[PDB]
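The block underneath contains the structure these notes are about, expressed in structure tokens.
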Amino acid sequence: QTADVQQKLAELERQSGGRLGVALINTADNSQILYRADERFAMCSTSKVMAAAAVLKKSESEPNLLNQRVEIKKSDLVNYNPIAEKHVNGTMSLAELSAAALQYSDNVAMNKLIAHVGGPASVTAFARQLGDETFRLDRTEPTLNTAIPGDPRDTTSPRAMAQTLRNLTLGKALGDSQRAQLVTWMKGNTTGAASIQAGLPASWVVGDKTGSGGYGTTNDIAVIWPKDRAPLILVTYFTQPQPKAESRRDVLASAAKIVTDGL
Ligand SMILES: *[B@@]1([O])O[C]([C]C([O])=O)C2=[C][C]=[C][C]=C21
Ligand SMILES: [Cl-]
Ligand SMILES: [Cl-]
């Protein structure tokens, strides 16, 4: 069964033409399915989870933080800001920016989360404090998505991100209020229907965060509640050889189906 899954993932990777990274943690039996799980991949917008979590951690000692008002200026706009562009010259709260970053992948929102915890090195130090040595957020939006092969900036490994996502969503990295808030935000994601969700039965409940970037980089990280089962954590990262390659969300869906068949 395990050899079969490995063969199927290798065949999927070969067909895709790119480089595939998978880590599944099954909390029913504390098992894992790993494929290139210690290699680095550009996170792209999947890094928005760590930034939102760092804001939530800060809020544990700062009860006015989520309500804090943040001005949205023309000079804050970057390349993709579906929510923030509606609020130029007004303010949004940090809770609203967290939701926009997580549920729409809004880049202004991500930059405000980064800024309000101290910058990329502070988001990285938060990961370190959780026991994640691998995660590195080097840059802000939009440059963190370049995803150049061989470039370690703005990368993590599938294993590291799966273990950290377990801690954030199912474990004790965050206090109960803050963990529940992260889970609710991720369950409300609007961007993930073509990725991991597309490879799972319709009845399963998912909280996920997608990402895309240069070199056809196509990513998704998820917490999954299968029908009447203990939850799963799944990271699917994918990147391609050509600078202008198009996204391959089908590859993420295929990987999700391969690693969950039988559950
Ligand atoms: B970030 O990688 O996530 C979205 C795309 C997605 O949801 O997969 C996006 C869009 C534009 C810039 C950065 C990102
Ligand atoms: Cl951890
Ligand atoms: Cl179905």
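Letters for chains follow the order of the structure tokens (A, B, ...), residue numbers begin at 1 for each chain, and ligand numbers begin at 1 in the order shown.
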
Once you count only C-alpha atoms and all ligand atoms, which residues end up within 8 Å of ligand 3, and could you hand them over as a ChimeraX atom specification?
/A:200-203

Select the residues contacting ligand 2 at a distance of at most 7 Å, based on only C-alpha atoms and all ligand atoms, then format the selection as a ChimeraX atom specification.
/A:130-132,163-164,167

Would you output that residue set with N, CA, C and O atoms, as a compact mmCIF listing (two decimals), in the first residue's frame?
```
# COMPACT_ATOMS: atom_id res chain seq x y z
N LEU A 130 8.30 28.17 17.39
CA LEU A 130 7.43 26.99 17.36
C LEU A 130 8.18 25.68 17.18
O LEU A 130 7.58 24.61 17.32
N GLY A 131 9.46 25.73 16.85
CA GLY A 131 10.23 24.54 16.55
C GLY A 131 10.39 24.24 15.08
O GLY A 131 10.83 23.13 14.73
N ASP A 132 10.06 25.20 14.21
CA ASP A 132 10.21 25.06 12.76
C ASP A 132 11.48 25.82 12.37
O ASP A 132 11.51 27.05 12.39
N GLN A 163 4.16 19.71 9.59
CA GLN A 163 4.29 19.66 11.04
C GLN A 163 3.87 20.98 11.67
O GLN A 163 3.16 21.00 12.69
N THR A 164 4.28 22.10 11.09
CA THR A 164 3.89 23.38 11.66
C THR A 164 2.39 23.62 11.51
O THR A 164 1.75 24.13 12.44
N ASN A 167 0.63 21.89 14.21
CA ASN A 167 0.74 22.60 15.47
C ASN A 167 -0.20 23.80 15.52
O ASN A 167 -0.89 24.03 16.53
```

Environment of ligand 1 within 7 Å, counting only C-alpha atoms and all ligand atoms, reported as a PDB file with C-alpha atoms, in the first residue's frame:
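Dumped to out33.pdb:
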```
ATOM      1  CA  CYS A  44       4.404  31.809  -2.361  1.00  0.00           C
ATOM      2  CA  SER A  45       1.095  32.724  -0.699  1.00  0.00           C
ATOM      3  CA  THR A  46       1.080  29.630   1.519  1.00  0.00           C
ATOM      4  CA  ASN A  79       0.097  43.513  -7.752  1.00  0.00           C
ATOM      5  CA  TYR A  80      -2.947  41.629  -6.384  1.00  0.00           C
ATOM      6  CA  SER A 105      -4.790  35.801  -0.872  1.00  0.00           C
ATOM      7  CA  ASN A 107      -1.166  40.868  -1.000  1.00  0.00           C
ATOM      8  CA  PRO A 142       5.121  40.826  -4.263  1.00  0.00           C
ATOM      9  CA  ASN A 145       6.865  34.831  -5.242  1.00  0.00           C
ATOM     10  CA  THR A 191      -9.382  30.256  -3.412  1.00  0.00           C
ATOM     11  CA  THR A 210      -3.203  28.210  -1.855  1.00  0.00           C
ATOM     12  CA  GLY A 211      -0.229  29.842  -3.490  1.00  0.00           C
ATOM     13  CA  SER A 212       1.116  30.501  -6.962  1.00  0.00           C
ATOM     14  CA  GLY A 213       4.249  32.156  -8.316  1.00  0.00           C
ATOM     15  CA  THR A 218       1.433  25.834  -7.674  1.00  0.00           C
ATOM     16  CA  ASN A 219       0.933  25.140  -3.964  1.00  0.00           C
TER      17      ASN A 219
END
```

DSSP says alpha helix (DSSP H) for which residues of region 52-212 of chain A? Put them as an NGL selection string?
:A and (52-59 or 94-104 or 107-117 or 120-130 or 158-169 or 176-187)

List as a VMD selection string the protein and nucleic acid residues near residue 90 (chain A), meaning an atom at most 12 Å away when only C-alpha atoms are counted, but skip any in the same chain fewer than 5 places from it.
chain A and resid 69 to 74 84 to 85

Using only C-alpha atoms, the best pick from A:230, A:51, A:78, A:65 as closest to residue 143 (chain A) would be A:78

Please provide the set of residues having any atom within 6 Å of region 14-25 of chain A, restricted to only C-alpha atoms, with same-chain residues fewer than 4 positions apart removed, written as a ChimeraX atom specification.
/A:31-37,158-159,232-240

Enumerate as a list in words all residues of region 93-227 of chain A assigned to strand (DSSP E) by DSSP on the backbone, naming them with the chain letters and numbers the document uses.
residues 93, 155, 156, 205, 206, 207, 208, 209, 210, 211, 212, 213, 217, 218, 219, 220, 221, 222, 223, 224 and 225 of chain A

Write the residues of the preceding selection, restricted to N, CA, C and O atoms, as a PDB file, in the first residue's frame.
```
ATOM      1  N   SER A  93      -9.383  46.686   9.764  1.00  0.00           N
ATOM      2  CA  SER A  93      -8.802  46.152  10.988  1.00  0.00           C
ATOM      3  C   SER A  93      -7.796  45.045  10.670  1.00  0.00           C
ATOM      4  O   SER A  93      -7.803  44.442   9.594  1.00  0.00           O
ATOM      5  N   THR A 155      11.282  29.993   1.193  1.00  0.00           N
ATOM      6  CA  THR A 155      11.031  28.570   1.031  1.00  0.00           C
ATOM      7  C   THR A 155      10.761  27.890   2.369  1.00  0.00           C
ATOM      8  O   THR A 155      11.108  28.384   3.448  1.00  0.00           O
ATOM      9  N   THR A 156      10.170  26.701   2.260  1.00  0.00           N
ATOM     10  CA  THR A 156      10.173  25.730   3.333  1.00  0.00           C
ATOM     11  C   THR A 156      10.113  24.341   2.704  1.00  0.00           C
ATOM     12  O   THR A 156      10.096  24.202   1.480  1.00  0.00           O
ATOM     13  N   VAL A 205     -14.442  18.228   4.806  1.00  0.00           N
ATOM     14  CA  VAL A 205     -14.337  19.623   5.213  1.00  0.00           C
ATOM     15  C   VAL A 205     -12.868  20.016   5.178  1.00  0.00           C
ATOM     16  O   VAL A 205     -12.008  19.280   5.683  1.00  0.00           O
ATOM     17  N   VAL A 206     -12.574  21.169   4.582  1.00  0.00           N
ATOM     18  CA  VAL A 206     -11.200  21.598   4.339  1.00  0.00           C
ATOM     19  C   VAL A 206     -11.019  23.046   4.764  1.00  0.00           C
ATOM     20  O   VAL A 206     -11.834  23.915   4.445  1.00  0.00           O
ATOM     21  N   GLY A 207      -9.909  23.309   5.450  1.00  0.00           N
ATOM     22  CA  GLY A 207      -9.363  24.650   5.554  1.00  0.00           C
ATOM     23  C   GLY A 207      -8.022  24.667   4.853  1.00  0.00           C
ATOM     24  O   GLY A 207      -7.148  23.877   5.200  1.00  0.00           O
ATOM     25  N   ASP A 208      -7.833  25.525   3.857  1.00  0.00           N
ATOM     26  CA  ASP A 208      -6.597  25.481   3.090  1.00  0.00           C
ATOM     27  C   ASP A 208      -6.142  26.890   2.752  1.00  0.00           C
ATOM     28  O   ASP A 208      -6.913  27.853   2.811  1.00  0.00           O
ATOM     29  N   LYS A 209      -4.873  26.981   2.351  1.00  0.00           N
ATOM     30  CA  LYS A 209      -4.285  28.196   1.796  1.00  0.00           C
ATOM     31  C   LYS A 209      -3.490  27.824   0.551  1.00  0.00           C
ATOM     32  O   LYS A 209      -2.519  27.064   0.633  1.00  0.00           O
ATOM     33  N   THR A 210      -3.874  28.405  -0.582  1.00  0.00           N
ATOM     34  CA  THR A 210      -3.203  28.210  -1.855  1.00  0.00           C
ATOM     35  C   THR A 210      -2.015  29.166  -2.009  1.00  0.00           C
ATOM     36  O   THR A 210      -1.870  30.163  -1.295  1.00  0.00           O
ATOM     37  N   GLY A 211      -1.191  28.874  -3.010  1.00  0.00           N
ATOM     38  CA  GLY A 211      -0.229  29.842  -3.490  1.00  0.00           C
ATOM     39  C   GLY A 211       0.182  29.524  -4.906  1.00  0.00           C
ATOM     40  O   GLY A 211       0.094  28.381  -5.366  1.00  0.00           O
ATOM     41  N   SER A 212       0.625  30.573  -5.595  1.00  0.00           N
ATOM     42  CA  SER A 212       1.116  30.501  -6.962  1.00  0.00           C
ATOM     43  C   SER A 212       2.259  31.502  -7.120  1.00  0.00           C
ATOM     44  O   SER A 212       2.313  32.518  -6.422  1.00  0.00           O
ATOM     45  N   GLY A 213       3.165  31.232  -8.055  1.00  0.00           N
ATOM     46  CA  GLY A 213       4.249  32.156  -8.316  1.00  0.00           C
ATOM     47  C   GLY A 213       5.002  31.803  -9.579  1.00  0.00           C
ATOM     48  O   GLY A 213       4.513  31.062 -10.434  1.00  0.00           O
ATOM     49  N   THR A 217       4.849  27.796 -10.214  1.00  0.00           N
ATOM     50  CA  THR A 217       4.754  27.255  -8.867  1.00  0.00           C
ATOM     51  C   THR A 217       3.292  27.256  -8.446  1.00  0.00           C
ATOM     52  O   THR A 217       2.579  28.251  -8.621  1.00  0.00           O
ATOM     53  N   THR A 218       2.840  26.102  -7.953  1.00  0.00           N
ATOM     54  CA  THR A 218       1.433  25.834  -7.674  1.00  0.00           C
ATOM     55  C   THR A 218       1.401  25.059  -6.364  1.00  0.00           C
ATOM     56  O   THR A 218       1.884  23.924  -6.314  1.00  0.00           O
ATOM     57  N   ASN A 219       0.837  25.662  -5.316  1.00  0.00           N
ATOM     58  CA  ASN A 219       0.933  25.140  -3.964  1.00  0.00           C
ATOM     59  C   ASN A 219      -0.423  25.145  -3.257  1.00  0.00           C
ATOM     60  O   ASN A 219      -1.308  25.956  -3.555  1.00  0.00           O
ATOM     61  N   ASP A 220      -0.538  24.310  -2.225  1.00  0.00           N
ATOM     62  CA  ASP A 220      -1.698  24.340  -1.333  1.00  0.00           C
ATOM     63  C   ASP A 220      -1.297  23.631  -0.046  1.00  0.00           C
ATOM     64  O   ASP A 220      -0.584  22.625  -0.085  1.00  0.00           O
ATOM     65  N   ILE A 221      -1.765  24.162   1.090  1.00  0.00           N
ATOM     66  CA  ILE A 221      -1.589  23.522   2.388  1.00  0.00           C
ATOM     67  C   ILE A 221      -2.953  23.476   3.064  1.00  0.00           C
ATOM     68  O   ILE A 221      -3.721  24.438   2.987  1.00  0.00           O
ATOM     69  N   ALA A 222      -3.263  22.354   3.718  1.00  0.00           N
ATOM     70  CA  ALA A 222      -4.621  22.141   4.192  1.00  0.00           C
ATOM     71  C   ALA A 222      -4.673  21.344   5.487  1.00  0.00           C
ATOM     72  O   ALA A 222      -3.867  20.436   5.725  1.00  0.00           O
ATOM     73  N   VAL A 223      -5.698  21.661   6.280  1.00  0.00           N
ATOM     74  CA  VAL A 223      -6.212  20.796   7.331  1.00  0.00           C
ATOM     75  C   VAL A 223      -7.543  20.243   6.829  1.00  0.00           C
ATOM     76  O   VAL A 223      -8.355  20.980   6.248  1.00  0.00           O
ATOM     77  N   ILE A 224      -7.733  18.935   6.995  1.00  0.00           N
ATOM     78  CA  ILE A 224      -8.815  18.204   6.353  1.00  0.00           C
ATOM     79  C   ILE A 224      -9.533  17.363   7.396  1.00  0.00           C
ATOM     80  O   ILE A 224      -8.894  16.614   8.135  1.00  0.00           O
ATOM     81  N   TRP A 225     -10.860  17.450   7.415  1.00  0.00           N
ATOM     82  CA  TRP A 225     -11.695  16.603   8.262  1.00  0.00           C
ATOM     83  C   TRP A 225     -12.474  15.657   7.361  1.00  0.00           C
ATOM     84  O   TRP A 225     -13.537  16.026   6.834  1.00  0.00           O
TER      85      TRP A 225
END
```

For residue 178 (chain A), list every protein, DNA or RNA residue within 12 Å, evaluated using only C-alpha atoms, and leave out those in the same chain fewer than 4 positions away; present the list as a PyMOL selection string.
chain A and resi 52-61+63+66+95+168-174+182-185

Can those selected residues be exported to a file as a compact mmCIF listing (two decimals), in the first residue's frame so that it contains N, CA, C and O atoms?
```txt
# COMPACT_ATOMS: atom_id res chain seq x y z
N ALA A 52 -0.31 35.31 9.38
CA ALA A 52 -1.53 35.48 10.17
C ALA A 52 -1.38 34.85 11.55
O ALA A 52 -1.84 35.41 12.55
N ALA A 53 -0.73 33.69 11.63
CA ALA A 53 -0.52 33.05 12.92
C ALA A 53 0.37 33.89 13.83
O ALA A 53 0.14 33.95 15.04
N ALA A 54 1.38 34.57 13.26
CA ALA A 54 2.23 35.43 14.06
C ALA A 54 1.44 36.60 14.63
O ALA A 54 1.67 37.02 15.78
N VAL A 55 0.51 37.16 13.85
CA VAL A 55 -0.38 38.21 14.36
C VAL A 55 -1.26 37.66 15.47
O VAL A 55 -1.45 38.30 16.51
N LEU A 56 -1.83 36.47 15.26
CA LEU A 56 -2.65 35.86 16.31
C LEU A 56 -1.85 35.64 17.59
O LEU A 56 -2.34 35.90 18.69
N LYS A 57 -0.61 35.16 17.47
CA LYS A 57 0.22 34.98 18.66
C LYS A 57 0.43 36.30 19.39
O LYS A 57 0.31 36.38 20.61
N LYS A 58 0.76 37.36 18.64
CA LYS A 58 0.94 38.68 19.24
C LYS A 58 -0.33 39.13 19.96
O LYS A 58 -0.27 39.73 21.04
N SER A 59 -1.49 38.81 19.38
CA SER A 59 -2.77 39.22 19.95
C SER A 59 -3.06 38.56 21.29
O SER A 59 -3.93 39.05 22.03
N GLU A 60 -2.39 37.45 21.61
CA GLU A 60 -2.62 36.79 22.89
C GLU A 60 -2.28 37.68 24.06
O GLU A 60 -2.84 37.52 25.15
N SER A 61 -1.36 38.63 23.87
CA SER A 61 -0.97 39.57 24.92
C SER A 61 -1.45 40.99 24.64
O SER A 61 -1.21 41.88 25.46
N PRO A 63 -4.96 42.64 23.55
CA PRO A 63 -6.38 42.42 23.23
C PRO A 63 -7.00 43.43 22.26
O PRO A 63 -8.12 43.18 21.78
N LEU A 66 -6.39 42.83 17.15
CA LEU A 66 -7.19 42.46 15.99
C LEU A 66 -8.11 43.59 15.55
O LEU A 66 -8.44 43.70 14.36
N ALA A 95 -7.91 42.12 11.98
CA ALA A 95 -8.72 40.93 11.74
C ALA A 95 -9.18 40.87 10.29
O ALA A 95 -9.11 39.82 9.65
N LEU A 168 -0.26 24.57 14.43
CA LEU A 168 -1.08 25.78 14.40
C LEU A 168 -2.57 25.49 14.48
O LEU A 168 -3.31 26.24 15.13
N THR A 169 -3.04 24.48 13.75
CA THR A 169 -4.48 24.26 13.58
C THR A 169 -5.06 23.22 14.52
O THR A 169 -6.24 23.31 14.87
N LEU A 170 -4.25 22.22 14.92
CA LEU A 170 -4.70 21.12 15.75
C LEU A 170 -3.96 21.03 17.07
O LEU A 170 -4.48 20.44 18.02
N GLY A 171 -2.77 21.61 17.16
CA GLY A 171 -1.93 21.60 18.33
C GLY A 171 -2.06 22.86 19.14
O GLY A 171 -3.09 23.53 19.13
N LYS A 172 -0.98 23.22 19.84
CA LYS A 172 -1.03 24.19 20.93
C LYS A 172 -0.13 25.40 20.68
O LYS A 172 0.19 26.14 21.62
N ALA A 173 0.24 25.65 19.43
CA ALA A 173 1.05 26.83 19.13
C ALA A 173 0.33 28.11 19.54
O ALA A 173 0.97 29.08 19.98
N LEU A 174 -0.98 28.14 19.33
CA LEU A 174 -1.82 29.29 19.61
C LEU A 174 -2.78 28.94 20.75
O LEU A 174 -3.12 27.77 20.95
N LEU A 182 -7.93 30.94 13.58
CA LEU A 182 -7.17 30.53 12.40
C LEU A 182 -7.94 29.47 11.62
O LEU A 182 -8.04 29.54 10.38
N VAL A 183 -8.47 28.47 12.32
CA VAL A 183 -9.20 27.39 11.67
C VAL A 183 -10.44 27.94 10.96
O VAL A 183 -10.72 27.58 9.81
N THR A 184 -11.20 28.81 11.62
CA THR A 184 -12.36 29.40 10.98
C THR A 184 -11.97 30.19 9.74
O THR A 184 -12.62 30.08 8.69
N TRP A 185 -10.90 30.98 9.82
CA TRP A 185 -10.46 31.72 8.64
C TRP A 185 -10.11 30.77 7.50
O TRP A 185 -10.52 30.99 6.36
```

CA of residue 262 (chain A) to CA of residue 226 (chain A): how many Å, to one decimal?
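Here the two named atoms are 11.3 Å from each other.
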
Would you mind telling me which residue in A:216, A:175, A:7, A:135 lies nearest to residue 242 (chain A) when using only C-alpha atoms?
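For residue 242 (chain A), the nearest of the given residues is A:216.
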
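You can rank A:112, A:153, A:257, A:166 by their closest distance to residue 99 (chain A) using only C-alpha atoms, and at the top of that list sits A:112.
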
At what distance in Å, to one decimal, does CA of residue 137 (chain A) lie from CA of residue 149 (chain A)?
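Computing the Euclidean distance for CA of residue 149 (chain A) and CA of residue 137 (chain A) yields 16.3 Å.
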
Would you mind listing what lies within 8 Å of residue 82 (chain A) as a short mmCIF file (atom, residue, chain, number, x, y, z; two decimals) with N, CA and C atoms, in the first residue's frame, with only C-alpha atoms counted and same-chain residues fewer than 3 positions away left out?
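Everything below was put into around-v3.cif:
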```cif
data_model
loop_
_atom_site.label_atom_id
_atom_site.label_comp_id
_atom_site.auth_asym_id
_atom_site.auth_seq_id
_atom_site.Cartn_x
_atom_site.Cartn_y
_atom_site.Cartn_z
N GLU A 85 -8.07 46.90 -2.34
CA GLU A 85 -8.35 47.95 -3.32
C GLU A 85 -9.71 48.59 -3.10
N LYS A 86 -10.63 47.90 -2.43
CA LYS A 86 -11.96 48.42 -2.14
C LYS A 86 -11.96 49.39 -0.97
N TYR A 104 -8.71 35.35 0.46
CA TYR A 104 -8.61 35.87 -0.90
C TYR A 104 -7.16 35.98 -1.36
N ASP A 106 -5.05 38.21 -0.49
CA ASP A 106 -4.77 39.62 -0.75
C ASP A 106 -3.34 39.97 -0.32
#
```

At what distance in Å, to one decimal, does CA of residue 193 (chain A) lie from CA of residue 96 (chain A)?
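Separation of CA of residue 96 (chain A) and CA of residue 193 (chain A): 21.9 Å.
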